[PDB]
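So the structure is just underneath, and the comments pick up after that.
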Amino acid sequence: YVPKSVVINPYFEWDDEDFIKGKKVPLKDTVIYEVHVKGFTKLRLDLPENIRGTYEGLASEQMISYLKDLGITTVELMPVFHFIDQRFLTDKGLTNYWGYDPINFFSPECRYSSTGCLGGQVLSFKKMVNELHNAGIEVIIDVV
Amino acid sequence: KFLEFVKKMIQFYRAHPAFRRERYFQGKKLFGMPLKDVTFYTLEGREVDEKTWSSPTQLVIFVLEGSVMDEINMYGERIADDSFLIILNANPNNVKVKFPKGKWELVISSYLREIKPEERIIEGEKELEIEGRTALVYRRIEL
Amino acid sequence: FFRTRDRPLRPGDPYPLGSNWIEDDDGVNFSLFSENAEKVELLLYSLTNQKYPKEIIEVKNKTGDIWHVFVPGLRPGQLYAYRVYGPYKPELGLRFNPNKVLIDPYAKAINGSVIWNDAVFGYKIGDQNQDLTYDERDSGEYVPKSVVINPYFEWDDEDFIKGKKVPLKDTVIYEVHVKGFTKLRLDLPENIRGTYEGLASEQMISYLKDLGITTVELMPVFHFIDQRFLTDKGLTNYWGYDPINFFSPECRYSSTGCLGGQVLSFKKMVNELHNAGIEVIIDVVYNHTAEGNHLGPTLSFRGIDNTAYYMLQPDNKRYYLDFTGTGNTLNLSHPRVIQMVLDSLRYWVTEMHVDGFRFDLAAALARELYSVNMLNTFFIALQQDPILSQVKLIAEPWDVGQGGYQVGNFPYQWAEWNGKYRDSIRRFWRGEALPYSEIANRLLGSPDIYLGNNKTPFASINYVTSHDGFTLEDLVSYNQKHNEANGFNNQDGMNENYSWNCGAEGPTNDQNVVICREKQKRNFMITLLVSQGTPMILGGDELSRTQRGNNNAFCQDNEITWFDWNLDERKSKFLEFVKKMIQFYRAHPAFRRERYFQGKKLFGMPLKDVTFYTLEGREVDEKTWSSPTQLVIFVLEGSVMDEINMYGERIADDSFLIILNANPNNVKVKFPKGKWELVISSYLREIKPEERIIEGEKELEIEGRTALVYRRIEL
Amino acid sequence: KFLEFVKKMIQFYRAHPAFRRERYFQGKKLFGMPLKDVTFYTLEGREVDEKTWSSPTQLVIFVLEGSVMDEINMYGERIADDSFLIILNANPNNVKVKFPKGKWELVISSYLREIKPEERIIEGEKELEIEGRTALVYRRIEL
Amino acid sequence: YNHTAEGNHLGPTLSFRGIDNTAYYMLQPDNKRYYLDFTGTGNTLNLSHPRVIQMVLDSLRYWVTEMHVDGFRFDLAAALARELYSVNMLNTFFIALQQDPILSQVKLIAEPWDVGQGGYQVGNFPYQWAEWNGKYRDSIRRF
Ligand SMILES: *[C@@H]1O[C@H](CO)[C@@H](O[C@H]2O[C@H](C)[C@@H](N[C@H]3CC(CO)[C@@H](O)[C@H](O)[C@H]3O)[C@H](O)[C@H]2O)[C@H](O)[C@H]1O
Ligand SMILES: *[C@@H]1O[C@H](CO)[C@@H](O[C@H]2O[C@H](C)[C@@H](N[C@H]3CC(CO)[C@@H](O)[C@H](O)[C@H]3O)[C@H](O)[C@H]2O)[C@H](O)[C@H]1O
Ligand SMILES: OC[C@H]1O[C@H](O)[C@H](O)[C@@H](O)[C@@H]1O
Ligand SMILES: OC[C@H]1O[C@H](O)[C@H](O)[C@@H](O)[C@@H]1O
Ligand SMILES: OC[C@H]1O[C@H](O)[C@H](O)[C@@H](O)[C@@H]1O
Ligand SMILES: OC[C@H]1O[C@H](O)[C@H](O)[C@@H](O)[C@@H]1O
C-alpha cells in the first residue's frame, strides 16, 4: 500500500543556469505571485493536456509569456513536498489539493510530474526552474 | 478589462522607486530641502496633528516627495522620484478634499467611468469632490 | 490613464544599431538612427494581434543622431516596429509620416511581407498632387513586424574550415536560386523544397559534391518585397533584387518560418555546406531599395530619415537620383549609410558565416552626385577593414547611369564579372569573326582589361550564361527573347542576346538541329572551362535548364524557372560532360593560374609558356593577330609556367593544344611538332580512330563549330 | 599642504553627481519642484537679471539644486545630489555677499588662514565678507 | 598622426619619404616638390590616401586590441581632417573611424585645431569625440 522510495541520478544540466546568479531580484523591487502548480494550468487548453496542471505546464512558453506580461518577478509555488491525502478526505471522495501535509521533505510531489513519478518528478521540476530563470523569474516554494 | 488594470498598476509600482524603498519614510525635511519626504493631510487641506492622527477615519491622504527621499542605490547615488499625492477614500459617501499647493495631473483611479475632464488636473490649493469608495493617485507637475 | 514614465525603462545604448537581446539585464536594447526625426515611438506587438501596438513606448533618449531605449522584460521573439515623426515637405525632401509604421532597418528577422494597400504610401494615391500630399491612414496592419532574435548558434565543425579554403584561383562558381534549386525536387519531402534547409540537404550537398563545384553563389537573400505592379498582375518578385532590409534573410525561403527561424534556418545551411567543404557567396543589393522613387511606398528608410539613405536631385530634393533603374539609389555618401552597409557586410560575415559577396550593379556604390569614383569613402573603408579584407569581393562592374561602365576599375581584392568575355565568346561561336586578339585575350583571362590595374586572372569572372539573360539551353535555342509571360507586352529584357537558334526558334524535332545545339553547348562548356580566370556555372545548365526563351524571368516564380530534375538521355548525358570538364579544369594548374602567360621562353627553356598558331602551322604575326578569325589555336606549356605555390615551388603541368573552330564550315589544321593524344571535344559522334593521335606536324580535318583539346605526350 | 588639498578636492568632485553630469543644467525648475536646478546670483540676493548676464563681472555666484537635476543612470534612476552654493570672487578687493534664503554650511574654500567660525554657517539672507581672489563652496543644510 | 619627423624637403630620408613620397605626404599640388605644412613641423600626412588612412586606423586598432589602450587624445586633430586644402570634418578617415567596430568603443579626445589656415575647429568634431576646451583654459585664467 505504501509507495516505494526511488534512488535517483542527480545529474542535471542547468543550461543558462549559472549566470542568473548574480544581481537578481532584490526583495525591494520584488512582486510576488502565489500559484498552485496544478490549478495554474489544468484548465489551460492552450497547452496540450498532460502538462496541464504540472510543473512542465507551469514553465511553458504560453505561461512564461503570461507571467512576463503580467509583470511579476517571482513566483511562490504552493507546497510541492510529496504529500499524502488524509484518509478522512479520501473517505469523502475528496483530495488534499493544497498539499500542506508533507510526508517527505526532499521529494517533489509526484502528482504534478508530467514524466511521472519514477524519477521524472525531480527531472520535471528542475527543467521548470531552469526555464523560469532563463526568463528572469525567481522561485519561492511554500514549505511545511 | 481588470487584468489590464493589474498589469498597468504593477508596471506603475515597478517604474517608481518611491514605492520600492530600502528605508522607511521619516516625517521631516532631508538634505536641506524645503519639503517633507512624506506628509499626511486632512480632508481639507491640512497637515495631521497629534489628535487627528490618533482619531479614526475613512479618508487617508498623503504626499510622497520623490526628490527628498533618503534612498541610496548600491553605487551610493541618492534616488529621486516624482512627487505623488495618494487620496484614499473608504467613506461610503462622497467627500470634498482640498489639494495642497501646486499642480496635480491625474494618474490612475478607481473610477470605471469616463474621467471627468475637470478631474484630470488640480491647481492652486483648490478642491474636488470624490465619490465614496475611491482611490486616486496624483503627480505634481508644478509647484 | 498613465504616462510614458509610469513604465519601467532604461536609457539604453546607441550601439549596436537595431535591437539586442541583453540576457543579463533581462531586456532588449532598441537603437535607431535618425538625424532628422523630431520624435520616435517604439511599437510592441504580440503574436496574435498585429493590427495594433500591444504597447507604445516613446524613445526619449538620443545620443547624437541615435535614439535609444531599453525595455525590461522583452526577450527574443518579440515583434516590434517604428513610428517616426518629423517635418513633412516633399518639396524639400522631408517625407515624415508618423501614421506610417516603419521597419527597423537593422532587424535581423522580418515577420511577413507587405499586404499591398493604398495606406502604405504616406501620400494620397488617387490624388492629383501625388506624393506632394499627406495621407494619414494608419498602415500598421499591412506592414510586417521586425523580430528581436537570439543570435546564439552553435557552429559545430564550424571553426576549422577557417583555414586554407578555396582560393579564388581554383574556385568554380555555381549560381543558384535557393527556391528554384529544389522546389521540383520530390527527392526531398516537400516543405523544404525551395528553402535554405532544402539547399543544404544530403541529396543536394551530394549533388554539388558530385558536380564538382567549390563555391555556391545564392541569389538575393536579403528580405525583399514584391513590387505592387508585379502583384497587380498575379505575379511575384522571384529573383529578389528588391531588398527592404539588409540584415534579415528572406522569410519566403525559411522552412521553420518566419519568426526567427529564417536566420536559424540559414545558419544551419551554411554550417551544413562548410562541413562539406563548400564556400558561400551571396548576391548583394546595396545600390537601391524596394521603396522605389516618389509615388512609391513608405516602409522603412523613407520614413525614418529620407534626407539620408537616398540620393536626391540636389536642385529639387523632391525626386530621386536613379542610377540603378529601380526608382531610387542608396546614398553611399552618408556616414550612417556607409556604416549600415558595412555593418551588414560584417554581420553576414562573422554572424551568418558568408564567405563572399557578389555586388549587384556595383558602380552604383561608387556614385557621389552625378559622377563615379572608385575611390569614394565607402570602398576605402571596406578596403581597410580587418574582417572584410579577408572575404571574397565580386562586382557587377557597371550601373545603368551615364558613365557607369567600370570594368577594370575596382580596387584590388575585387573580382569583377567579365561582360567582355561573355559577349565576345558568345559572338565567337555564334559565327561572328573577331580579331584573333579579341579572343586570345579573352581565352587568357583578359590581361588587357585587368593587367592595367595590377590585378590577376582571378579578378576575371568568366561566364557564358547567367540569371541575367538566356540560359545555356536557350542561348542555343533562340534568336529573340520571349518574355511575354512577364506581362510587359514583351517590352523588357536585353534585345541583343548574341544568340542563335541553330536554325529555328523554340523546341524542335529536327535531329540536325538538336545535334547543333548539343555541340554548341559543349563548345561553350569547353571554352569557359579552359579559359584563364575564374569560371562561373549558371545553376542548372548542367541540366540544360530552360526558361522557354524568357531572358528576363525575374518575376517568374513557377515552372519556368523551377529546376527540372527529370533527365532523359540527352539532358543527362550532358550533365556527365560538365562533370568531366570541371574535373579536367580542376586537375590541371595550367588553367588555375595566379599569374598571366607572357609570350616568351622562361627559366631558360626552349619553349614558350604559350603560343598562338594559325590554321596551318604557324605562329601568329602582328597582322594576323589584329585581323579577325573564327579559328583559334594555342599551346600552353605546362612545364614552362611561372606559377609558384605558397611554398615557393614552381608548378609544372602537361602541354596542351586547344583548337577552337567557330567557322561554320570545316577546316584543315596543321599540328605543330610532336605527338598529340586526344582529350575532350565537341564531337557527339564516335571519335574517328584517326583523330585520337597526331604526329609529325601533319594535319587533320575539323567540322565547323567544334572544340578540341590535345595533350602532347612526346616532342 | 597643496597635495593634500588637491586630493581632498578631487575626492569631492567624484563624491557628488551634480558635477559629473551627463546632461546640461536648464535655467528652469524640473519635476514639478519649486527650486530650479541651477541659479546664478549677484552680490545681493536678487537673481541674475538680463543686462547683468551680459555686463562684465569679477564675481560669480550660483546654486546647484542637487535634488532637481535631470540626471539618469544606466538603470533609469534619477540621481539627486546635495544642493551647493558656489562663490567665485576673482575681484582683488574684498566684497560682501548676501546668501539666498536657506541655512548654509562651509564645505571648502581657498582660504589659507583658519576659517573664522562665523563663516562656517550662514543663515537667513545674512551677509559675509569675502576677501579678493577667493573661491567658496557651500551646502544648504536647511531651508 | 598628423605629421612625421621627416620634416619638409631638406629633411632626412628615413621611412616614408623613401618608401613612397607621393603617397604619405601632402604635397603642394602645383609643385609636389614642396610639402604642404598644416602642422608647423615641416610636413603633413595626407589622410586622403587609402593606404595612409589604413595605416593610421591599423595603428589605432593595434594599440587598442594589442596594447590594451583605452583611448587616444589626438594632437592637432584638425590637421587630420585636412583633405584637399581645408578642414572637411566629413572626411574618409573620420568616417571609417566612426563605423569601426573596435574603435567604436574607445575614447577619442582632440586638440580641436592646428597651426593651419582656418584650422581652429573647436566644437566641430564628430561625436564620441571629446575636445580640449581651449576657451575654458583661457577664460578661467583671465577671470
Ligand atoms: C542587378 O540589379 C538589377 C536592378 O536591381 C536587377 O534587375 C532585374 O530586376 C528588376 C526588378 C527589373 N526592374 C525593371 C522592370 C520593369 C520592366 O521590365 C519596370 O516596370 C520596373 O519599374 C523596373 O524597375 C530589371 O529590369 C531586371 O533586369 C538585376 O537582375 C541584378 O542582377
Ligand atoms: C601638439 O603638436 C605639436 C607639434 O607636433 C607639439 O609641438 C611642440 O614640439 C615641437 C617639436 C615644437 N616644434 C617647433 C620648434 C621650433 C622653435 O621653437 C622650430 O625650430 C621647429 O622647426 C618647430 O617644429 C613646437 O614648437 C612645440 O610646441 C605640441 O606640444 C603638441 O601638443
Ligand atoms: O546600362 C546597363 C548596361 O550596362 C553595361 O553596358 C552592361 O555591359 C550591360 O549588360 C548593362 O545592361
Ligand atoms: O558603354 C558600354 C561599353 O563600354 C566600352 O566601350 C566596352 O568596351 C563595351 O564592351 C561596353 O559595351
Ligand atoms: O595654432 C595653434 C594654436 O591655436 C589657438 O591659438 C590655441 O588657443 C593655441 O593654444 C594653439 O597653440
Ligand atoms: O590666436 C588665437 C585665436 O585664433 C583664431 O582667431 C580663433 O578663431 C580664436 O578662437 C583663437 O582664440
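Bridging of D:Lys116 to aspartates and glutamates at a Cα separation below 20 Å is possible for D:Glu105, D:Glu125, D:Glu127, D:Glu129, D:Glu131, once same-chain residues fewer than 8 apart are set aside. Show which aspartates and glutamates lie in cross-link reach of C:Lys51 when reach means a straight Cα distance below 13 angstrom and same-chain residues fewer than eight apart are skipped. Within the straight-line cut-off, C:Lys51 pairs with C:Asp138, C:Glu141.
Here, the stretch C:521-560 has an Rg and a Dmax of 12.7, 36 Å when only alpha carbons are counted. In this structure, the residue pairs whose Cα-Cα separation is over 25 Å, taken from C:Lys455/C:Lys519; C:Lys209/C:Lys420; D:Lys29/D:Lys98; C:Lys519/C:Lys668, are C:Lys455/C:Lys519; C:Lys209/C:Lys420. From the Cα gyration tensor of the stretch C:596-715, with a ≥ b ≥ c the square roots of its eigenvalues, which class applies: rounded if a/c is under 1.5, or else prolate if a/b is larger than b/c, or else oblate? Taking the square roots of the gyration eigenvalues as a ≥ b ≥ c, the stretch C:596-715 is prolate. The convex hull around the C-alpha trace of the protein assembly as shown, projected and averaged over every direction, spans 69.1 square nanometres.
Mean sequence separation of contacting Cα pairs (under 8 Å, at least six apart), scaled by the length of the stretch C:596-715, corresponds to a relative contact order of 24 percent. Ranking of C:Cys555, A:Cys117, C:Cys258, C:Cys502 by neighbouring Cβ atoms within 10 Å, starting from the fewest: A:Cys117, C:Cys258, C:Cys502, C:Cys555. Helices in chain E that qualify as membrane-span-like (whole DSSP H runs, Cα extent of at least 20 Å along the helix axis, mean Kyte-Doolittle hydropathy of 0.5 or higher) do not occur. Based on alpha carbons, the Rg and Dmax found for chain E are 15.7, 51 Å. Pairs spanning more than 30 Å between alpha-carbon atoms, out of A:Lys38/C:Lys108; B:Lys96/D:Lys36; C:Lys317/E:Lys32; C:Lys62/D:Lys51; D:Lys28/D:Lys96: A:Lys38/C:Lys108; B:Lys96/D:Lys36; C:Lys317/E:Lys32; C:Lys62/D:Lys51. Around the Cα centre of the protein assembly as shown, unit charges on the Cβ atoms of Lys, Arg, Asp and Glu (plus for the first two, minus for the last two) sum to a dipole of about 1460 debye. Between the helical axis of C:569-587 and the dominant principal axis of chain C, each derived from Cα atoms, what acute angle in degrees is found, rounded to the nearest 10? Its long axis makes an angle of about 90 degrees.
In terms of distances greater than 25 angstrom between alpha carbons, the cross-link table entries A:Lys24/B:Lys7; D:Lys1/D:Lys101; C:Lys521/C:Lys579; C:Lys233/C:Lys267; A:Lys21/C:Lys162 yield D:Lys1/D:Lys101; C:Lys233/C:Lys267; A:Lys21/C:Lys162. By how many degrees, between 0 and 90 and to the nearest 10, does the Cα long axis of helix C:335-346 differ from the longest principal axis of chain C? Compared with the principal axis, the helix lies near 60 degrees. Semi-axes of the equivalent ellipsoid of the stretch E:66-131 are 21, 13, 10 Å, computed as sqrt(5λ) over the eigenvalues of the C-alpha gyration tensor in descending order. Taking each residue as 0.36 nm, the span from C:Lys89 to C:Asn191 lengthens on full extension beyond its C-alpha to C-alpha distance by 32.0 nm. Ordering C:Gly648, C:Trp417, C:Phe229 by the projection of their Cα atoms onto the charge dipole of chain C, which places +1 on the Cβ of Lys and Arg and -1 on the Cβ of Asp and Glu, puts C:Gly648 at the extreme positive end. The loop-placed chymotrypsin sites (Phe, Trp or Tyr not before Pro) in the stretch D:1-74, going by DSSP, that have at most 14 neighbouring Cβ atoms within 10 Å of their Cβ come out as D:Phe19, D:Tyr24. With R₀ fixed at 41 Å, the C-beta to C-beta distance from B:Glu47 to C:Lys54 puts the FRET efficiency at about 0.40.
Each of D:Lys96, C:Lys573, B:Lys103 was scored by other Cβ atoms within 10 Å of its Cβ. Arranged with the fewest first, they read D:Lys96, C:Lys573, B:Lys103.
Each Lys and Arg adds +1 at its Cβ and each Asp and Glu adds -1 at its Cβ; summed about the Cα centre, chain C shows a dipole of about 540 debye. Approximating the spin labels as points 7 Å out from Cα along Cα→Cβ, the D:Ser54-to-E:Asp70 distance works out to 4.5 nm.
Computing FRET efficiency as 1/(1 + (r/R0)^6) for C:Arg685 and C:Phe488, where r is the C-beta to C-beta distance and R0 is 60 Å, gives about 0.90. Here the alpha carbons of the stretch C:92-184 define both size measures, Rg and Dmax, at 21.8, 61 Å.
Remark: mean inter-chain Cβ contacts per residue of C:374-386 equal 6, using a 10 Å Cβ-Cβ cutoff to other protein chain atoms. Computed over the stretch C:344-477, the P(r) tail beyond 18 angstrom holds 60 percent of alpha carbon pairs. From helices alone, the protein assembly as shown scores -5000 deg cm²/dmol at 222 nm; the rule is -39500 (n - 2.57) for each run of n ≥ 4 DSSP H residues, then divide by the residue total. Proximity of backbone amide H atoms, modeled 1.01 Å from N, is registered between E:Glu131 and E:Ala110 at under 5 Å, excluding neighbours fewer than 5 places apart on the same chain. Each residue of the stretch C:466-477 is assigned a 3J(HN,Hα), and the resulting list reads 3, 3, 7, x, 6, 8, 5, 4, 7, 6, 10, 9 Hz, derived from the Karplus form 6.51 cos²θ - 1.76 cosθ + 1.60 (θ = phi - 60°), x at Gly and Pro. Is the shape of the stretch C:151-595 rounded, prolate or oblate, going by the alpha carbon gyration tensor and its root eigenvalues a ≥ b ≥ c, with a/c under 1.5 for rounded and a/b larger than b/c for prolate? In terms of gyration-tensor shape, rounded.
For the stretch C:23-86, the list of trypsin sites (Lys or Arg not before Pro) that fall in a loop by DSSP and count at most 13 other C-beta atoms within 10 angstrom reads C:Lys51. Assign one of three labels to chain D, namely rounded, prolate or oblate, based on the Cα gyration tensor with a ≥ b ≥ c the square roots of its eigenvalues; rounded applies when a/c is under 1.5, prolate when it is not and a/b is larger than b/c, and oblate otherwise. Oblate.
Mean per-residue shielding of peptide B:23-34 is 4, counting Cβ atoms of other chains within 10 Å of each Cβ.
Look at C:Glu616, C:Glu438 and count the other Cβ atoms within 10 Å of each Cβ; fewest to most, that gives C:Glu616, C:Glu438.
Just so you know, all these numbers are worked out from the coordinates, no wet-lab data involved. Note: ideal-geometry Cβ built from the backbone for every residue, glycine included; neighbour counts use all protein chains shown.
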